[PDB]
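Undergrad: The following block contains the structure, expressed as structure tokens.
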Amino acid sequence: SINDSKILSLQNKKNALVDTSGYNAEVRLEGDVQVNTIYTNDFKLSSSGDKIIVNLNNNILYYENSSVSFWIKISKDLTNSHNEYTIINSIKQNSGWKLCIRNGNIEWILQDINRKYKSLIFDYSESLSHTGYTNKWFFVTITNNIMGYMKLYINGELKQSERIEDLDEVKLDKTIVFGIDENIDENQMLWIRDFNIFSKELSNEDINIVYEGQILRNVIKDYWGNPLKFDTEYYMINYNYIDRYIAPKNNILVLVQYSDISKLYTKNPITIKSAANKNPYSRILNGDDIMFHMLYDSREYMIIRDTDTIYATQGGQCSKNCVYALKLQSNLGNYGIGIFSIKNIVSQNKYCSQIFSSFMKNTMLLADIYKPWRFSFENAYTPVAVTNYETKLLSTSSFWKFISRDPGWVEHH
């Protein structure tokens, strides 16, 4: 087993954050550590100055090879900063390792007894780009072999390698301190989940097993990689149009550019309702049947597929390549024409999903420029349900994301 080599595994059991490896590390929480808030084995490090202090059974340290794995999610606030922040500290008497954030990079440092160090560095920010990892969960794995290399993997893919043969002795520290410096800036925060240390250098194959197990392939994700939830506000976007929001216009839905180009939190968020009597606020899972609701001008509506296609000459007679616009309906209920299934994009761990309808004909939701009003030449960016979608299953136009208001991404506070 991969887990046979775990010498530390921080997990939430019976409500507390403990070591479950079998080695019984001391695990002490200080200040405002929120644990188990997004994912079971998560914890939050903020400018509260909260800390987690781990003390290993020293005998574990009786040095050739190791791996450290965990997921991390770093606020926009912290990411945008040019400064360096130590996040996990295991250096004492000059030597050990640490994990830092610096200028939108994550950095792993290994330091010898002369204070000489080597590092692995990855630019997760990419200038706060929407295609980068700012405030998104990503999976980190660092492997070390003291006679060779240390290697940095992100989401199961090797990114960087560093020779460490020039280092002299490293004296490992039985203490590991998680946390950043206290600060008045309340929006500086990050989260870690599933923190593990292994006494071997994990192979690429084993790293990918850990990654796929911990990503929770069952669970649809929001834009940040949190679990998607029922009854929760999201700015629903098509992959191709992150700067557009959903609006009703002349009895259909269209995608309109938000006035401030720089903002993720736009207008008209939707909520997702279970068609299958699932628990309130519960996680949305691959294959779930759902409805979309929208509060608009002080009235609650559900989204439904149009009965007839966008092309008037087709009437009710379309058989192939049928394209249906969407509209709002104020009558709320489990109407089949407004029930959709949400699925994960097969073999893609992207924080996106596809949405299908099985009402009368099999359709898939996508966005593109159409003439969506039956009796009009006018163009619009339009979310539509289309038939015969086999050749579109890999098109980014078929991918949807759901942006929640998340404390790691603050806009006009």
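Chain labels follow the order of the structure tokens: the first chain is A, the next B, and so on; residue numbering restarts at 1 in every chain, and ligands are counted from 1 in their shown order.
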So which bits of stretch 45-86 of chain A end up alpha helix (DSSP H) when you DSSP the backbone, as a PyMOL selection string?
TA: chain A and resi 76-80
Undergrad: Write out as number ranges by chain each polymer residue whose atoms come within 9 Å of stretch 222-230 of chain A, counting only C-alpha atoms; drop sequence neighbours fewer than 3 positions from it.
TA: A: 38-39, 73, 133-138, 215-216, 219, 233-234, 271-274, 278-285, 290, 350-352, 401-404, 406
Undergrad: Contacts of residue A:105 at 7 Å or less, counting only C-alpha atoms, minus same-chain residues fewer than 6 places along, as number ranges by chain?
TA: A: 121-125
Undergrad: Extract, using only C-alpha atoms, all DNA, RNA and protein residues at most 12 Å from stretch 166-168 of chain A, discarding same-chain residues fewer than 6 positions from it, and format them as a list in words.
TA: residues 95, 96, 109, 110, 111, 112, 113, 114, 115, 116, 117, 118, 119, 145, 146, 147, 148, 149 and 150 of chain A
Undergrad: Using N, CA, C and O atoms, can you write the selected residues to a file as an mmCIF file, in the first residue's frame?
TA:
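And here's result-v5.cif as it stands now:
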```cif
data_model
loop_
_atom_site.group_PDB
_atom_site.id
_atom_site.type_symbol
_atom_site.label_atom_id
_atom_site.label_comp_id
_atom_site.auth_asym_id
_atom_site.auth_seq_id
_atom_site.Cartn_x
_atom_site.Cartn_y
_atom_site.Cartn_z
ATOM 1 N N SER A 95 18.512 23.994 10.535
ATOM 2 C CA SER A 95 18.346 22.962 9.517
ATOM 3 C C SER A 95 16.955 22.344 9.540
ATOM 4 O O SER A 95 16.282 22.356 10.565
ATOM 5 N N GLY A 96 16.532 21.811 8.392
ATOM 6 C CA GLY A 96 15.206 21.225 8.252
ATOM 7 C C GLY A 96 14.585 21.642 6.935
ATOM 8 O O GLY A 96 15.273 21.808 5.940
ATOM 9 N N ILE A 109 11.651 24.603 0.667
ATOM 10 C CA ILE A 109 13.052 24.899 1.019
ATOM 11 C C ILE A 109 13.586 23.758 1.862
ATOM 12 O O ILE A 109 12.953 23.373 2.857
ATOM 13 N N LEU A 110 14.754 23.236 1.496
ATOM 14 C CA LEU A 110 15.466 22.252 2.331
ATOM 15 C C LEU A 110 16.836 22.839 2.684
ATOM 16 O O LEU A 110 17.582 23.235 1.799
ATOM 17 N N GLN A 111 17.167 22.845 3.964
ATOM 18 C CA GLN A 111 18.324 23.612 4.475
ATOM 19 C C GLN A 111 19.240 22.731 5.337
ATOM 20 O O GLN A 111 18.778 22.003 6.236
ATOM 21 N N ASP A 112 20.539 22.840 5.099
ATOM 22 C CA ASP A 112 21.521 22.023 5.832
ATOM 23 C C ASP A 112 22.034 22.727 7.075
ATOM 24 O O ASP A 112 21.631 23.859 7.366
ATOM 25 N N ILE A 113 22.902 22.042 7.813
ATOM 26 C CA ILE A 113 23.341 22.537 9.115
ATOM 27 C C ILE A 113 24.254 23.757 9.039
ATOM 28 O O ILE A 113 24.589 24.340 10.075
ATOM 29 N N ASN A 114 24.639 24.139 7.822
ATOM 30 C CA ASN A 114 25.403 25.371 7.565
ATOM 31 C C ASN A 114 24.508 26.520 7.054
ATOM 32 O O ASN A 114 25.001 27.597 6.692
ATOM 33 N N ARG A 115 23.200 26.278 7.043
ATOM 34 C CA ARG A 115 22.184 27.243 6.559
ATOM 35 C C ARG A 115 22.219 27.394 5.032
ATOM 36 O O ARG A 115 21.626 28.325 4.479
ATOM 37 N N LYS A 116 22.913 26.485 4.357
ATOM 38 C CA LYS A 116 22.839 26.422 2.888
ATOM 39 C C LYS A 116 21.516 25.762 2.509
ATOM 40 O O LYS A 116 21.099 24.820 3.159
ATOM 41 N N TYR A 117 20.844 26.266 1.478
ATOM 42 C CA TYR A 117 19.558 25.653 1.117
ATOM 43 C C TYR A 117 19.374 25.484 -0.372
ATOM 44 O O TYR A 117 20.037 26.136 -1.191
ATOM 45 N N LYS A 118 18.502 24.544 -0.709
ATOM 46 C CA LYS A 118 17.985 24.420 -2.065
ATOM 47 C C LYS A 118 16.458 24.579 -2.035
ATOM 48 O O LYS A 118 15.801 24.334 -1.000
ATOM 49 N N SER A 119 15.893 24.939 -3.186
ATOM 50 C CA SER A 119 14.463 25.171 -3.244
ATOM 51 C C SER A 119 13.811 24.628 -4.502
ATOM 52 O O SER A 119 14.488 24.387 -5.536
ATOM 53 N N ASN A 145 14.994 12.745 -2.285
ATOM 54 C CA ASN A 145 15.909 11.634 -2.103
ATOM 55 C C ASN A 145 17.287 12.245 -1.885
ATOM 56 O O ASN A 145 17.837 12.916 -2.764
ATOM 57 N N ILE A 146 17.793 12.087 -0.671
ATOM 58 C CA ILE A 146 18.862 12.953 -0.180
ATOM 59 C C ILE A 146 20.148 12.724 -0.981
ATOM 60 O O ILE A 146 21.053 13.574 -0.973
ATOM 61 N N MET A 147 20.206 11.596 -1.704
ATOM 62 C CA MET A 147 21.331 11.290 -2.579
ATOM 63 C C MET A 147 21.133 11.792 -4.012
ATOM 64 O O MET A 147 21.978 11.540 -4.890
ATOM 65 N N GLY A 148 20.027 12.485 -4.274
ATOM 66 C CA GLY A 148 19.714 12.836 -5.641
ATOM 67 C C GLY A 148 19.011 14.166 -5.807
ATOM 68 O O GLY A 148 19.654 15.226 -5.928
ATOM 69 N N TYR A 149 17.693 14.083 -5.920
ATOM 70 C CA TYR A 149 16.868 15.214 -6.335
ATOM 71 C C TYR A 149 15.714 15.389 -5.403
ATOM 72 O O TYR A 149 15.226 14.435 -4.801
ATOM 73 N N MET A 150 15.225 16.609 -5.346
ATOM 74 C CA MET A 150 13.878 16.800 -4.842
ATOM 75 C C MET A 150 13.020 17.303 -5.981
ATOM 76 O O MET A 150 13.500 17.991 -6.869
#
```
Undergrad: With a distance cut-off of 6 Å and only C-alpha atoms, select the neighbouring residues of residue A:364, excluding the residue or stretch itself and same-chain residues fewer than 3 positions from it, and output the selection as a PyMOL selection string.
TA: chain A and resi 355-356+385-386
Undergrad: Hey, can you spit out that residue selection with C-alpha atoms as an mmCIF file, in the first residue's frame?
TA:
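Contents of again_18.cif, freshly written:
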```cif
data_model
loop_
_atom_site.group_PDB
_atom_site.id
_atom_site.type_symbol
_atom_site.label_atom_id
_atom_site.label_comp_id
_atom_site.auth_asym_id
_atom_site.auth_seq_id
_atom_site.Cartn_x
_atom_site.Cartn_y
_atom_site.Cartn_z
ATOM 1 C CA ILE A 355 -25.214 19.772 -17.987
ATOM 2 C CA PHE A 356 -27.711 17.603 -19.847
ATOM 3 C CA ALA A 385 -29.690 22.993 -25.147
ATOM 4 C CA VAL A 386 -28.578 21.142 -28.304
#
```
Undergrad: So which residues of stretch 45-185 of chain A fall under strand (DSSP E or B) by DSSP, listed as a PyMOL selection string?
TA: chain A and resi 45-46+51-55+65-74+84-92+95-102+105-111+117-123+138-145+149-154+157-163+175-178
Undergrad: Nearest to residue A:179 among A:15, A:86, A:9, A:363, with distances taken over only C-alpha atoms: which residue is it?
TA: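 Closest to residue A:179, using only C-alpha atoms: A:86.
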Undergrad: What lies within 9 Å of residue A:296 using only C-alpha atoms, ignoring chain neighbours under 3 positions off, as number ranges by chain?
TA: A: 247-248, 268, 299-301
Undergrad: Report as a PyMOL selection string all protein, DNA and RNA residues lying within 9 Å of residue A:187, evaluated on only C-alpha atoms, omitting residues in the same chain fewer than 6 positions from it.
TA: chain A and resi 46-47+75-78+407-410
Undergrad: Record the distance separating atom CA of residue A:143 and atom CA of residue A:211, expressed in Å with one decimal.
TA: 14.4 Å
Undergrad: Between A:199, A:240, A:218, A:341, which one has atoms that come closest to residue A:7, using only C-alpha atoms?
TA: A:199
Undergrad: Which residue gives the smallest distance to residue A:195 among A:97, A:399, A:43, A:381, with only C-alpha atoms counted?
TA: A:43
Undergrad: Expressed in Å to a single decimal, how great is the separation between atom CA of residue A:126 and atom CA of residue A:41?
TA: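 Result for atom CA of residue A:126 versus atom CA of residue A:41: 27.7 Å, one decimal.
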Undergrad: Calculate how many Å separate atom CA of residue A:316 from atom CA of residue A:362, rounding to one decimal.
TA: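 Rounded to one decimal, the two atoms are 15.7 Å apart.
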Undergrad: Produce a table with one row for each residue of stretch 49-101 of chain A that has an atom at most 9 Å from any atom of stretch 29-32 of chain A, each row naming the nearest atom pair and its distance in Å at one decimal; use only C-alpha atoms; arrange rows by chain and rising residue number; format as CSV.
TA:
```
residue,atom,partner,partner_atom,distance
A:49,CA,A:31,CA,6.9
A:50,CA,A:31,CA,4.4
A:51,CA,A:30,CA,5.0
A:52,CA,A:29,CA,4.7
A:53,CA,A:29,CA,6.6
A:54,CA,A:29,CA,8.9
```
Undergrad: Pull N, CA and C atoms from the residues just selected and write them as a PDB file, in the first residue's frame.
TA:
```pdb
ATOM      1  N   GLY A  49      -3.196  34.590  13.111  1.00  0.00           N
ATOM      2  CA  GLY A  49      -1.958  34.028  13.679  1.00  0.00           C
ATOM      3  C   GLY A  49      -2.174  32.661  14.313  1.00  0.00           C
ATOM      4  N   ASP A  50      -3.292  32.017  13.969  1.00  0.00           N
ATOM      5  CA  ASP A  50      -3.570  30.637  14.410  1.00  0.00           C
ATOM      6  C   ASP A  50      -2.476  29.677  13.951  1.00  0.00           C
ATOM      7  N   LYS A  51      -2.261  28.621  14.742  1.00  0.00           N
ATOM      8  CA  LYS A  51      -1.135  27.702  14.508  1.00  0.00           C
ATOM      9  C   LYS A  51      -1.569  26.288  14.765  1.00  0.00           C
ATOM     10  N   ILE A  52      -0.964  25.352  14.042  1.00  0.00           N
ATOM     11  CA  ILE A  52      -1.030  23.948  14.388  1.00  0.00           C
ATOM     12  C   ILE A  52       0.401  23.484  14.640  1.00  0.00           C
ATOM     13  N   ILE A  53       0.656  22.937  15.822  1.00  0.00           N
ATOM     14  CA  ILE A  53       1.992  22.500  16.167  1.00  0.00           C
ATOM     15  C   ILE A  53       1.987  20.982  16.235  1.00  0.00           C
ATOM     16  N   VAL A  54       2.732  20.357  15.343  1.00  0.00           N
ATOM     17  CA  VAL A  54       2.874  18.903  15.324  1.00  0.00           C
ATOM     18  C   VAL A  54       4.219  18.516  15.897  1.00  0.00           C
TER      19      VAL A  54
END
```
